[PDB]
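The structure appears below as C-alpha coordinates.
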Amino acid sequence: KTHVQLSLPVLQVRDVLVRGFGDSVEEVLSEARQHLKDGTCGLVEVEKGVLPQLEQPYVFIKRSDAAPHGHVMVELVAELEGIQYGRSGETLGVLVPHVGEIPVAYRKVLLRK
(Lines give C-alpha, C1' and ligand atoms only; values in the text may rest on other atoms or scores of the structure.)
Protein backbone atom coordinates (compact mmCIF):
# COMPACT_ATOMS: atom_id res chain seq x y z
CA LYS A 1 0.00 0.00 0.00
CA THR A 2 1.17 3.59 -0.78
CA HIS A 3 -0.43 4.71 2.56
CA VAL A 4 -0.62 3.05 6.03
CA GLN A 5 -3.05 3.98 8.85
CA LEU A 6 -1.06 4.52 12.09
CA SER A 7 -1.95 5.63 15.65
CA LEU A 8 1.17 7.43 17.00
CA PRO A 9 1.65 7.65 20.79
CA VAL A 10 2.08 11.33 21.77
CA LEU A 11 5.00 11.66 24.26
CA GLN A 12 5.89 14.55 26.62
CA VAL A 13 9.36 15.85 25.51
CA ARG A 14 10.80 15.46 29.10
CA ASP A 15 9.81 11.69 29.10
CA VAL A 16 11.61 10.90 25.79
CA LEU A 17 14.61 8.61 26.42
CA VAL A 18 15.93 8.50 22.78
CA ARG A 19 15.68 12.07 21.41
CA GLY A 20 16.45 11.45 17.72
CA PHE A 21 16.79 8.81 14.99
CA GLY A 22 20.49 9.37 14.09
CA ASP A 23 23.17 11.62 12.67
CA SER A 24 22.28 12.44 8.98
CA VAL A 25 19.11 13.65 7.16
CA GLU A 26 19.14 10.35 5.20
CA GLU A 27 19.58 8.16 8.36
CA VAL A 28 16.84 9.90 10.45
CA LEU A 29 14.31 9.63 7.53
CA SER A 30 15.30 5.92 7.08
CA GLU A 31 15.07 5.15 10.85
CA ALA A 32 11.78 7.13 11.18
CA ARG A 33 10.25 5.10 8.28
CA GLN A 34 11.47 1.80 9.84
CA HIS A 35 10.04 2.70 13.35
CA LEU A 36 6.72 3.90 11.83
CA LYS A 37 6.43 0.48 10.05
CA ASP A 38 7.49 -1.45 13.26
CA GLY A 39 5.04 0.55 15.49
CA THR A 40 8.06 1.83 17.54
CA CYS A 41 7.65 5.56 16.66
CA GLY A 42 6.36 8.31 19.01
CA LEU A 43 5.27 11.90 18.27
CA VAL A 44 6.22 15.03 20.27
CA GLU A 45 3.91 18.03 19.68
CA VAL A 46 6.10 21.08 18.84
CA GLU A 47 5.76 24.10 21.17
CA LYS A 48 8.14 26.82 22.52
CA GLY A 49 11.27 25.11 23.91
CA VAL A 50 10.54 21.54 22.63
CA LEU A 51 12.96 21.29 19.64
CA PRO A 52 16.14 22.40 21.55
CA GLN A 53 15.39 19.45 23.93
CA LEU A 54 15.56 16.99 20.96
CA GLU A 55 18.50 15.89 18.73
CA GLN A 56 19.06 17.12 15.12
CA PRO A 57 18.50 16.12 12.45
CA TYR A 58 14.71 16.37 13.27
CA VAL A 59 11.98 14.36 11.49
CA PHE A 60 8.60 16.16 11.22
CA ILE A 61 5.23 14.72 10.17
CA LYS A 62 3.46 17.42 8.10
CA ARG A 63 -0.20 17.48 6.86
CA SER A 64 -0.07 16.52 3.11
CA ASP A 65 -3.86 17.06 2.44
CA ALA A 66 -7.06 18.74 3.93
CA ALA A 67 -8.65 12.66 6.62
CA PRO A 68 -9.77 9.07 5.81
CA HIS A 69 -11.42 7.25 8.80
CA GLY A 70 -10.12 10.08 11.15
CA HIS A 71 -6.47 9.61 9.95
CA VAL A 72 -4.83 12.91 8.80
CA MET A 73 -2.62 12.39 5.70
CA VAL A 74 1.03 13.25 6.47
CA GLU A 75 4.52 12.94 5.02
CA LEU A 76 8.06 13.10 6.50
CA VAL A 77 10.27 16.25 6.25
CA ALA A 78 13.78 16.27 7.88
CA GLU A 79 15.60 19.39 9.20
CA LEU A 80 19.33 20.01 9.96
CA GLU A 81 20.81 23.47 10.81
CA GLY A 82 17.61 25.22 9.59
CA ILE A 83 17.42 23.46 6.16
CA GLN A 84 14.45 21.08 5.48
CA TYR A 85 14.51 18.06 3.10
CA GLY A 86 11.00 17.87 1.69
CA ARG A 87 8.13 20.31 1.32
CA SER A 88 4.69 19.73 2.93
CA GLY A 89 1.97 21.40 5.09
CA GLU A 90 1.62 22.19 8.81
CA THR A 91 3.73 20.25 11.39
CA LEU A 92 1.69 17.75 13.50
CA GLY A 93 4.93 17.15 15.51
CA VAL A 94 8.47 15.69 15.62
CA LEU A 95 9.01 11.91 15.48
CA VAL A 96 11.19 10.03 18.01
CA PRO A 97 11.86 6.38 18.87
CA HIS A 98 9.23 4.98 21.30
CA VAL A 99 10.90 2.66 23.87
CA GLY A 100 7.92 2.29 26.34
CA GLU A 101 7.26 5.90 27.49
CA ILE A 102 3.60 6.35 28.63
CA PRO A 103 1.81 8.52 26.05
CA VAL A 104 -0.63 11.39 26.88
CA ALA A 105 -2.67 10.81 23.66
CA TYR A 106 -2.72 9.15 20.19
CA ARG A 107 -2.45 10.93 16.80
CA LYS A 108 -4.23 9.00 13.98
CA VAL A 109 -2.26 9.61 10.74
CA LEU A 110 -2.29 8.17 7.18
CA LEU A 111 1.44 7.90 6.24
CA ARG A 112 2.48 8.21 2.56
CA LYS A 113 4.97 5.23 2.59
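Order determines the names: the first chain of the C-alpha coordinates is A, the second B, and so forth; residues in each chain are numbered 1 upward, and ligands are numbered 1 upward as they are shown.
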
Extract, using only C-alpha atoms, all DNA, RNA and protein residues at most 8 Å from region 95-109 of chain A, discarding same-chain residues fewer than 4 positions from it, and format them as a ChimeraX atom specification. /A:5-12,15-21,32,35,40-44,58-61,70-74

Produce a file of the selected residues containing N, CA, C and O atoms, as a CSV table (one decimal), in the first residue's frame.
```csv
chain,number,residue,atom,x,y,z
A,5,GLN,N,-2.3,3.4,7.7
A,5,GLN,CA,-3.0,4.0,8.9
A,5,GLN,C,-2.2,3.7,10.1
A,5,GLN,O,-2.0,2.5,10.3
A,6,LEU,N,-1.8,4.7,10.8
A,6,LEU,CA,-1.1,4.5,12.1
A,6,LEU,C,-1.7,5.4,13.2
A,6,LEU,O,-2.3,6.4,12.9
A,7,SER,N,-1.6,4.9,14.4
A,7,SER,CA,-2.0,5.6,15.7
A,7,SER,C,-0.6,5.9,16.4
A,7,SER,O,-0.1,4.9,16.9
A,8,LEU,N,-0.2,7.1,16.4
A,8,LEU,CA,1.2,7.4,17.0
A,8,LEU,C,1.0,7.9,18.4
A,8,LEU,O,0.1,8.7,18.7
A,9,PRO,N,1.7,7.2,19.4
A,9,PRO,CA,1.7,7.7,20.8
A,9,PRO,C,2.3,9.0,20.9
A,9,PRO,O,3.4,9.3,20.4
A,10,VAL,N,1.6,9.9,21.6
A,10,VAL,CA,2.1,11.3,21.8
A,10,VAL,C,2.8,11.3,23.1
A,10,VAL,O,2.2,11.0,24.2
A,11,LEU,N,4.1,11.7,23.1
A,11,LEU,CA,5.0,11.7,24.3
A,11,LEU,C,5.3,13.1,24.7
A,11,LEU,O,5.4,14.0,23.9
A,12,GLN,N,5.4,13.3,26.0
A,12,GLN,CA,5.9,14.5,26.6
A,12,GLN,C,7.4,14.6,26.4
A,12,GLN,O,8.1,13.6,26.6
A,15,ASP,N,9.9,13.2,28.9
A,15,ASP,CA,9.8,11.7,29.1
A,15,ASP,C,10.7,11.0,28.1
A,15,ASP,O,11.1,9.8,28.3
A,16,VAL,N,11.0,11.6,26.9
A,16,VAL,CA,11.6,10.9,25.8
A,16,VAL,C,13.0,10.5,26.2
A,16,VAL,O,13.9,11.4,26.5
A,17,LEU,N,13.3,9.2,26.1
A,17,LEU,CA,14.6,8.6,26.4
A,17,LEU,C,15.6,8.6,25.2
A,17,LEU,O,16.8,8.8,25.4
A,18,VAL,N,15.1,8.4,24.0
A,18,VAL,CA,15.9,8.5,22.8
A,18,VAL,C,15.4,9.6,21.9
A,18,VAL,O,14.3,9.5,21.3
A,19,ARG,N,16.2,10.7,21.8
A,19,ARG,CA,15.7,12.1,21.4
A,19,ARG,C,15.9,12.3,19.9
A,19,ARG,O,15.7,13.4,19.5
A,20,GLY,N,16.4,11.3,19.2
A,20,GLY,CA,16.4,11.4,17.7
A,20,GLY,C,16.7,10.1,17.1
A,20,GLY,O,16.9,9.1,17.8
A,21,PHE,N,16.7,10.1,15.7
A,21,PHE,CA,16.8,8.8,15.0
A,21,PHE,C,18.2,8.6,14.5
A,21,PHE,O,18.5,7.5,14.0
A,32,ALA,N,13.2,6.7,10.9
A,32,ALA,CA,11.8,7.1,11.2
A,32,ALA,C,10.8,6.2,10.4
A,32,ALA,O,9.9,5.6,11.1
A,35,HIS,N,10.7,2.7,12.0
A,35,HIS,CA,10.0,2.7,13.3
A,35,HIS,C,8.5,2.9,13.2
A,35,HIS,O,7.7,2.2,13.8
A,40,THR,N,7.1,1.5,16.5
A,40,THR,CA,8.1,1.8,17.5
A,40,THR,C,8.4,3.3,17.4
A,40,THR,O,9.6,3.7,17.7
A,41,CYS,N,7.5,4.1,17.0
A,41,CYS,CA,7.7,5.6,16.7
A,41,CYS,C,6.7,6.4,17.5
A,41,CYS,O,5.5,6.1,17.5
A,42,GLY,N,7.2,7.4,18.2
A,42,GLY,CA,6.4,8.3,19.0
A,42,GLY,C,6.4,9.7,18.3
A,42,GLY,O,7.1,9.9,17.4
A,43,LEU,N,5.5,10.6,18.8
A,43,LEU,CA,5.3,11.9,18.3
A,43,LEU,C,5.4,12.9,19.4
A,43,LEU,O,4.7,12.7,20.4
A,44,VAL,N,6.2,13.9,19.3
A,44,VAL,CA,6.2,15.0,20.3
A,44,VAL,C,5.6,16.3,19.6
A,44,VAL,O,6.1,16.7,18.5
A,58,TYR,N,16.1,16.6,12.9
A,58,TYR,CA,14.7,16.4,13.3
A,58,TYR,C,14.0,15.7,12.1
A,58,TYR,O,14.3,16.0,10.9
A,59,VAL,N,13.0,14.9,12.4
A,59,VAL,CA,12.0,14.4,11.5
A,59,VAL,C,10.6,14.9,11.9
A,59,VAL,O,10.2,14.5,13.0
A,60,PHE,N,10.0,15.6,11.0
A,60,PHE,CA,8.6,16.2,11.2
A,60,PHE,C,7.6,15.3,10.4
A,60,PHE,O,8.0,14.8,9.4
A,61,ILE,N,6.4,15.1,11.0
A,61,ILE,CA,5.2,14.7,10.2
A,61,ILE,C,4.5,16.0,9.9
A,61,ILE,O,4.2,16.8,10.9
A,70,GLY,N,-10.7,9.3,10.1
A,70,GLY,CA,-10.1,10.1,11.2
A,70,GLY,C,-8.6,10.3,11.0
A,70,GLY,O,-8.1,11.2,11.7
A,71,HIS,N,-7.9,9.6,10.2
A,71,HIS,CA,-6.5,9.6,9.9
A,71,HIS,C,-6.1,10.8,9.0
A,71,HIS,O,-6.5,10.7,7.8
A,72,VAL,N,-5.4,11.8,9.6
A,72,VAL,CA,-4.8,12.9,8.8
A,72,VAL,C,-3.7,12.4,7.9
A,72,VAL,O,-2.8,11.7,8.4
A,73,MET,N,-3.7,12.8,6.6
A,73,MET,CA,-2.6,12.4,5.7
A,73,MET,C,-1.4,13.2,6.0
A,73,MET,O,-1.5,14.5,6.1
A,74,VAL,N,-0.2,12.6,6.1
A,74,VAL,CA,1.0,13.3,6.5
A,74,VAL,C,2.2,12.7,5.6
A,74,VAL,O,2.0,11.6,5.1
```

Going by DSSP on the backbone, which residues of chain A come out as strand (DSSP E)? List them as a PDB file with N, CA, C and O atoms, in the first residue's frame.
```
ATOM      1  N   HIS A   3      -0.100   4.038   1.276  1.00  0.00           N
ATOM      2  CA  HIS A   3      -0.430   4.711   2.562  1.00  0.00           C
ATOM      3  C   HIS A   3      -0.777   3.663   3.613  1.00  0.00           C
ATOM      4  O   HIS A   3      -1.353   2.619   3.245  1.00  0.00           O
ATOM      5  N   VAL A   4      -0.412   3.951   4.864  1.00  0.00           N
ATOM      6  CA  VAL A   4      -0.620   3.046   6.028  1.00  0.00           C
ATOM      7  C   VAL A   4      -1.227   3.880   7.151  1.00  0.00           C
ATOM      8  O   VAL A   4      -0.714   4.992   7.407  1.00  0.00           O
ATOM      9  N   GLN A   5      -2.338   3.389   7.698  1.00  0.00           N
ATOM     10  CA  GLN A   5      -3.049   3.982   8.854  1.00  0.00           C
ATOM     11  C   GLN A   5      -2.239   3.652  10.101  1.00  0.00           C
ATOM     12  O   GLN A   5      -1.968   2.455  10.325  1.00  0.00           O
ATOM     13  N   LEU A   6      -1.835   4.677  10.841  1.00  0.00           N
ATOM     14  CA  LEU A   6      -1.060   4.523  12.091  1.00  0.00           C
ATOM     15  C   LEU A   6      -1.730   5.351  13.180  1.00  0.00           C
ATOM     16  O   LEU A   6      -2.343   6.384  12.876  1.00  0.00           O
ATOM     17  N   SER A   7      -1.616   4.880  14.418  1.00  0.00           N
ATOM     18  CA  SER A   7      -1.955   5.631  15.650  1.00  0.00           C
ATOM     19  C   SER A   7      -0.648   5.855  16.412  1.00  0.00           C
ATOM     20  O   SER A   7      -0.093   4.867  16.927  1.00  0.00           O
ATOM     21  N   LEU A   8      -0.150   7.091  16.406  1.00  0.00           N
ATOM     22  CA  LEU A   8       1.166   7.435  16.996  1.00  0.00           C
ATOM     23  C   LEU A   8       0.972   7.863  18.440  1.00  0.00           C
ATOM     24  O   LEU A   8       0.138   8.730  18.698  1.00  0.00           O
ATOM     25  N   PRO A   9       1.693   7.233  19.399  1.00  0.00           N
ATOM     26  CA  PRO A   9       1.651   7.652  20.794  1.00  0.00           C
ATOM     27  C   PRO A   9       2.304   9.038  20.927  1.00  0.00           C
ATOM     28  O   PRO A   9       3.397   9.300  20.401  1.00  0.00           O
ATOM     29  N   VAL A  10       1.595   9.944  21.576  1.00  0.00           N
ATOM     30  CA  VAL A  10       2.082  11.332  21.774  1.00  0.00           C
ATOM     31  C   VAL A  10       2.833  11.347  23.110  1.00  0.00           C
ATOM     32  O   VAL A  10       2.233  11.026  24.150  1.00  0.00           O
ATOM     33  N   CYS A  41       7.463   4.122  16.959  1.00  0.00           N
ATOM     34  CA  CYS A  41       7.652   5.558  16.661  1.00  0.00           C
ATOM     35  C   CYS A  41       6.683   6.380  17.520  1.00  0.00           C
ATOM     36  O   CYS A  41       5.487   6.058  17.543  1.00  0.00           O
ATOM     37  N   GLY A  42       7.196   7.382  18.231  1.00  0.00           N
ATOM     38  CA  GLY A  42       6.360   8.309  19.006  1.00  0.00           C
ATOM     39  C   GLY A  42       6.356   9.670  18.346  1.00  0.00           C
ATOM     40  O   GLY A  42       7.143   9.873  17.406  1.00  0.00           O
ATOM     41  N   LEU A  43       5.493  10.551  18.822  1.00  0.00           N
ATOM     42  CA  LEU A  43       5.275  11.903  18.270  1.00  0.00           C
ATOM     43  C   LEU A  43       5.355  12.879  19.433  1.00  0.00           C
ATOM     44  O   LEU A  43       4.657  12.671  20.429  1.00  0.00           O
ATOM     45  N   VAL A  44       6.189  13.904  19.304  1.00  0.00           N
ATOM     46  CA  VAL A  44       6.224  15.028  20.274  1.00  0.00           C
ATOM     47  C   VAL A  44       5.617  16.256  19.605  1.00  0.00           C
ATOM     48  O   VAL A  44       6.111  16.655  18.549  1.00  0.00           O
ATOM     49  N   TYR A  58      16.127  16.614  12.906  1.00  0.00           N
ATOM     50  CA  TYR A  58      14.708  16.368  13.267  1.00  0.00           C
ATOM     51  C   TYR A  58      13.981  15.704  12.104  1.00  0.00           C
ATOM     52  O   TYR A  58      14.306  15.992  10.906  1.00  0.00           O
ATOM     53  N   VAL A  59      12.996  14.873  12.449  1.00  0.00           N
ATOM     54  CA  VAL A  59      11.979  14.358  11.495  1.00  0.00           C
ATOM     55  C   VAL A  59      10.618  14.884  11.911  1.00  0.00           C
ATOM     56  O   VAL A  59      10.166  14.544  13.033  1.00  0.00           O
ATOM     57  N   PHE A  60       9.975  15.645  11.022  1.00  0.00           N
ATOM     58  CA  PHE A  60       8.597  16.157  11.219  1.00  0.00           C
ATOM     59  C   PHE A  60       7.628  15.274  10.434  1.00  0.00           C
ATOM     60  O   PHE A  60       8.006  14.765   9.355  1.00  0.00           O
ATOM     61  N   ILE A  61       6.422  15.092  10.974  1.00  0.00           N
ATOM     62  CA  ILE A  61       5.233  14.717  10.167  1.00  0.00           C
ATOM     63  C   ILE A  61       4.460  16.007   9.904  1.00  0.00           C
ATOM     64  O   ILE A  61       4.225  16.792  10.860  1.00  0.00           O
ATOM     65  N   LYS A  62       4.133  16.213   8.630  1.00  0.00           N
ATOM     66  CA  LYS A  62       3.461  17.418   8.100  1.00  0.00           C
ATOM     67  C   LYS A  62       2.190  16.997   7.342  1.00  0.00           C
ATOM     68  O   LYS A  62       2.230  16.002   6.625  1.00  0.00           O
ATOM     69  N   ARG A  63       1.085  17.697   7.572  1.00  0.00           N
ATOM     70  CA  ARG A  63      -0.203  17.483   6.860  1.00  0.00           C
ATOM     71  C   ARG A  63       0.052  17.589   5.354  1.00  0.00           C
ATOM     72  O   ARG A  63       0.634  18.611   4.935  1.00  0.00           O
ATOM     73  N   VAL A  72      -5.384  11.757   9.563  1.00  0.00           N
ATOM     74  CA  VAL A  72      -4.830  12.912   8.797  1.00  0.00           C
ATOM     75  C   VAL A  72      -3.712  12.401   7.897  1.00  0.00           C
ATOM     76  O   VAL A  72      -2.844  11.665   8.395  1.00  0.00           O
ATOM     77  N   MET A  73      -3.695  12.811   6.630  1.00  0.00           N
ATOM     78  CA  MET A  73      -2.617  12.386   5.701  1.00  0.00           C
ATOM     79  C   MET A  73      -1.380  13.237   5.974  1.00  0.00           C
ATOM     80  O   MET A  73      -1.497  14.461   6.089  1.00  0.00           O
ATOM     81  N   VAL A  74      -0.232  12.585   6.077  1.00  0.00           N
ATOM     82  CA  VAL A  74       1.031  13.252   6.474  1.00  0.00           C
ATOM     83  C   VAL A  74       2.155  12.670   5.632  1.00  0.00           C
ATOM     84  O   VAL A  74       2.005  11.561   5.068  1.00  0.00           O
ATOM     85  N   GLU A  75       3.238  13.423   5.570  1.00  0.00           N
ATOM     86  CA  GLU A  75       4.516  12.943   5.023  1.00  0.00           C
ATOM     87  C   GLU A  75       5.640  13.419   5.940  1.00  0.00           C
ATOM     88  O   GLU A  75       5.397  14.363   6.745  1.00  0.00           O
ATOM     89  N   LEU A  76       6.814  12.816   5.749  1.00  0.00           N
ATOM     90  CA  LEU A  76       8.063  13.102   6.499  1.00  0.00           C
ATOM     91  C   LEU A  76       8.856  14.223   5.826  1.00  0.00           C
ATOM     92  O   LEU A  76       9.028  14.189   4.576  1.00  0.00           O
ATOM     93  N   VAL A  77       9.307  15.186   6.635  1.00  0.00           N
ATOM     94  CA  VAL A  77      10.272  16.253   6.251  1.00  0.00           C
ATOM     95  C   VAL A  77      11.375  16.312   7.318  1.00  0.00           C
ATOM     96  O   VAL A  77      11.030  16.502   8.506  1.00  0.00           O
ATOM     97  N   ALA A  78      12.646  16.172   6.934  1.00  0.00           N
ATOM     98  CA  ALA A  78      13.784  16.271   7.881  1.00  0.00           C
ATOM     99  C   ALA A  78      14.316  17.701   7.909  1.00  0.00           C
ATOM    100  O   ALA A  78      14.069  18.489   6.930  1.00  0.00           O
ATOM    101  N   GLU A  79      14.986  18.046   9.010  1.00  0.00           N
ATOM    102  CA  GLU A  79      15.599  19.389   9.196  1.00  0.00           C
ATOM    103  C   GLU A  79      16.945  19.244   9.915  1.00  0.00           C
ATOM    104  O   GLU A  79      17.053  18.452  10.887  1.00  0.00           O
ATOM    105  N   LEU A  80      17.951  19.959   9.409  1.00  0.00           N
ATOM    106  CA  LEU A  80      19.325  20.008   9.956  1.00  0.00           C
ATOM    107  C   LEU A  80      19.846  21.420   9.699  1.00  0.00           C
ATOM    108  O   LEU A  80      19.793  21.866   8.509  1.00  0.00           O
ATOM    109  N   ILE A  83      17.794  23.913   7.531  1.00  0.00           N
ATOM    110  CA  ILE A  83      17.424  23.460   6.160  1.00  0.00           C
ATOM    111  C   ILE A  83      16.570  22.188   6.240  1.00  0.00           C
ATOM    112  O   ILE A  83      16.974  21.230   6.928  1.00  0.00           O
ATOM    113  N   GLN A  84      15.444  22.187   5.524  1.00  0.00           N
ATOM    114  CA  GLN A  84      14.450  21.084   5.480  1.00  0.00           C
ATOM    115  C   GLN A  84      14.600  20.320   4.166  1.00  0.00           C
ATOM    116  O   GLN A  84      14.995  20.928   3.148  1.00  0.00           O
ATOM    117  N   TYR A  85      14.330  19.021   4.217  1.00  0.00           N
ATOM    118  CA  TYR A  85      14.505  18.061   3.100  1.00  0.00           C
ATOM    119  C   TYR A  85      13.129  17.454   2.869  1.00  0.00           C
ATOM    120  O   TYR A  85      12.685  16.593   3.662  1.00  0.00           O
ATOM    121  N   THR A  91       3.091  21.249  10.496  1.00  0.00           N
ATOM    122  CA  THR A  91       3.728  20.251  11.393  1.00  0.00           C
ATOM    123  C   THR A  91       2.690  19.723  12.387  1.00  0.00           C
ATOM    124  O   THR A  91       2.070  20.543  13.094  1.00  0.00           O
ATOM    125  N   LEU A  92       2.503  18.407  12.439  1.00  0.00           N
ATOM    126  CA  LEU A  92       1.694  17.747  13.497  1.00  0.00           C
ATOM    127  C   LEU A  92       2.602  17.414  14.694  1.00  0.00           C
ATOM    128  O   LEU A  92       2.080  17.302  15.826  1.00  0.00           O
ATOM    129  N   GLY A  93       3.910  17.261  14.450  1.00  0.00           N
ATOM    130  CA  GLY A  93       4.933  17.149  15.507  1.00  0.00           C
ATOM    131  C   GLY A  93       6.239  16.583  14.980  1.00  0.00           C
ATOM    132  O   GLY A  93       6.417  16.440  13.727  1.00  0.00           O
ATOM    133  N   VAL A  94       7.123  16.249  15.908  1.00  0.00           N
ATOM    134  CA  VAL A  94       8.473  15.686  15.624  1.00  0.00           C
ATOM    135  C   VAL A  94       8.442  14.221  16.048  1.00  0.00           C
ATOM    136  O   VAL A  94       7.910  13.910  17.139  1.00  0.00           O
ATOM    137  N   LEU A  95       8.996  13.348  15.211  1.00  0.00           N
ATOM    138  CA  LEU A  95       9.008  11.909  15.481  1.00  0.00           C
ATOM    139  C   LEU A  95      10.249  11.574  16.303  1.00  0.00           C
ATOM    140  O   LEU A  95      11.327  12.175  16.083  1.00  0.00           O
ATOM    141  N   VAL A  96      10.102  10.573  17.169  1.00  0.00           N
ATOM    142  CA  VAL A  96      11.192  10.033  18.013  1.00  0.00           C
ATOM    143  C   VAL A  96      10.942   8.545  18.180  1.00  0.00           C
ATOM    144  O   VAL A  96       9.810   8.086  18.127  1.00  0.00           O
ATOM    145  N   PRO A  97      12.001   7.765  18.429  1.00  0.00           N
ATOM    146  CA  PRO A  97      11.856   6.384  18.867  1.00  0.00           C
ATOM    147  C   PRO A  97      10.932   6.343  20.089  1.00  0.00           C
ATOM    148  O   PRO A  97      11.005   7.265  20.924  1.00  0.00           O
ATOM    149  N   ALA A 105      -1.618  10.877  24.693  1.00  0.00           N
ATOM    150  CA  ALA A 105      -2.671  10.805  23.658  1.00  0.00           C
ATOM    151  C   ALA A 105      -2.159   9.996  22.471  1.00  0.00           C
ATOM    152  O   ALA A 105      -0.993   9.546  22.506  1.00  0.00           O
ATOM    153  N   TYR A 106      -3.019   9.835  21.470  1.00  0.00           N
ATOM    154  CA  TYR A 106      -2.721   9.151  20.191  1.00  0.00           C
ATOM    155  C   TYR A 106      -3.098  10.082  19.045  1.00  0.00           C
ATOM    156  O   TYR A 106      -4.129  10.750  19.141  1.00  0.00           O
ATOM    157  N   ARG A 107      -2.244  10.143  18.031  1.00  0.00           N
ATOM    158  CA  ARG A 107      -2.454  10.933  16.796  1.00  0.00           C
ATOM    159  C   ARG A 107      -2.645   9.938  15.654  1.00  0.00           C
ATOM    160  O   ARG A 107      -1.681   9.249  15.299  1.00  0.00           O
ATOM    161  N   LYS A 108      -3.869   9.854  15.138  1.00  0.00           N
ATOM    162  CA  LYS A 108      -4.233   8.997  13.978  1.00  0.00           C
ATOM    163  C   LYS A 108      -3.728   9.695  12.723  1.00  0.00           C
ATOM    164  O   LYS A 108      -4.076  10.866  12.517  1.00  0.00           O
ATOM    165  N   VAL A 109      -2.861   9.032  11.974  1.00  0.00           N
ATOM    166  CA  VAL A 109      -2.264   9.605  10.739  1.00  0.00           C
ATOM    167  C   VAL A 109      -2.393   8.557   9.635  1.00  0.00           C
ATOM    168  O   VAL A 109      -2.506   7.344   9.955  1.00  0.00           O
ATOM    169  N   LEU A 110      -2.425   9.025   8.394  1.00  0.00           N
ATOM    170  CA  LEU A 110      -2.290   8.171   7.182  1.00  0.00           C
ATOM    171  C   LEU A 110      -0.943   8.507   6.541  1.00  0.00           C
ATOM    172  O   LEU A 110      -0.810   9.609   5.954  1.00  0.00           O
ATOM    173  N   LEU A 111       0.048   7.623   6.688  1.00  0.00           N
ATOM    174  CA  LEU A 111       1.437   7.902   6.244  1.00  0.00           C
ATOM    175  C   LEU A 111       1.629   7.504   4.779  1.00  0.00           C
ATOM    176  O   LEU A 111       1.590   6.282   4.492  1.00  0.00           O
ATOM    177  N   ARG A 112       1.928   8.475   3.913  1.00  0.00           N
ATOM    178  CA  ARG A 112       2.483   8.213   2.555  1.00  0.00           C
ATOM    179  C   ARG A 112       3.814   7.465   2.724  1.00  0.00           C
ATOM    180  O   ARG A 112       4.804   8.103   3.159  1.00  0.00           O
TER     181      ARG A 112
END
```

Quote the spacing between CA of residue 27 (chain A) and CA of residue 113 (chain A) in Å to one decimal place. 16.0 Å
